[PDB]
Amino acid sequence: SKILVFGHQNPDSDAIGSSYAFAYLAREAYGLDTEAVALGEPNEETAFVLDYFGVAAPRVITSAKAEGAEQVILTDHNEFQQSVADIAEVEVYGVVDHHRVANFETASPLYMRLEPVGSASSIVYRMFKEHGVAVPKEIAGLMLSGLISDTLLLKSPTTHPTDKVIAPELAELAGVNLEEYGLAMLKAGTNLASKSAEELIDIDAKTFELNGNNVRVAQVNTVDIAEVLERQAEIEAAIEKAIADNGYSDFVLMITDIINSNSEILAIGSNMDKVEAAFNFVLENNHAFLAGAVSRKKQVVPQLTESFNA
């Protein structure tokens, strides 16, 4: 029977790109009856990627059991709360990911291929080369885009030396110029004007427990920090509501400039002294500039973590 292959809830480009590519690879090289599906519709950055290479969005599902599947393959995630609603009721045949492992468990052995690299799509690509399988131009496009999206065009410190090697091979296969296409697709996910502030602060947001404090950390990509900060009133009203509704001790929003690879940090809550101490900066009107920062998990969360435990 069919094995469904999917990325996380609130799919990003790497989630869609990795699962679409892996379902193809599995059919071609592993003898598997796989289908790529998605857990949500594409965001604007991914809608652009899909358009550019002329691939339809993988269909959305909400229950793996409803779709007839007894087995699934997860890509770009493993944590059960990031997965399909009924993940505990199906077998995990396999996982291809680049994140920490938590909230994840199986009854039986499985395939796992995890590497601490820039994207799941990087791993999937290298698996096409291992098995001598040709990469269709549109699948190369999708994988390249996964890698560019997760690392902001190889600028993030989550970029591994192997990523820097495969990026030009992927550009060639995809038929694009690396820097030009990369800039183009990243730009497509920076038009936030038509979204409400509530939506904005929940586009890419997670909660971290830091020495007993529930700290919410969101990120948005932009070509212009000032354009985001010019909506500051409604953003602060959304964040105060979020703090009120959810019991967050603190809310930190990363406003990430994709052109210059820096973030502005807009933060509100009980422990602002610890935010200032984490980054050696001074909040003015709830915000300060953080040079070089584009990775939540490498450049903001560990810094807060240390500071909150100090």
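Each residue number is its position in the shown sequence, starting from 1.
- Relative to its counterpart among 215-223 and 123-131, 123-131 has the higher mean temperature factor, C-alpha atoms as listed in the PDB entry.
- In this crystal structure, the stretch out of 228-236 and 141-149 whose C-alpha atoms carry the higher mean B factor is 228-236.
- Across the options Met185, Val84, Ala171, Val92, the residue with the most elevated CA B-factor in the record is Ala171.
- The PDB entry assigns its highest CA temperature factor, among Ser156, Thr75, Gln71, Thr190, to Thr190.
- Looking at the C-alpha B-factors along this chain, the one for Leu304 belongs to the lowest third.
- Looking at the C-alpha B-factors along this chain, the one for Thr162 belongs to the middle third.
- Ranked by C-alpha B-factor against the other modelled residues of its chain, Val176 falls in the highest third.
- Split the chain's modelled residues into thirds by C-alpha temperature factor. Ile265 is in the lowest one.
- Residue-level temperature factors show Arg100 in the lowest third of its chain, judged at the C-alpha atom.
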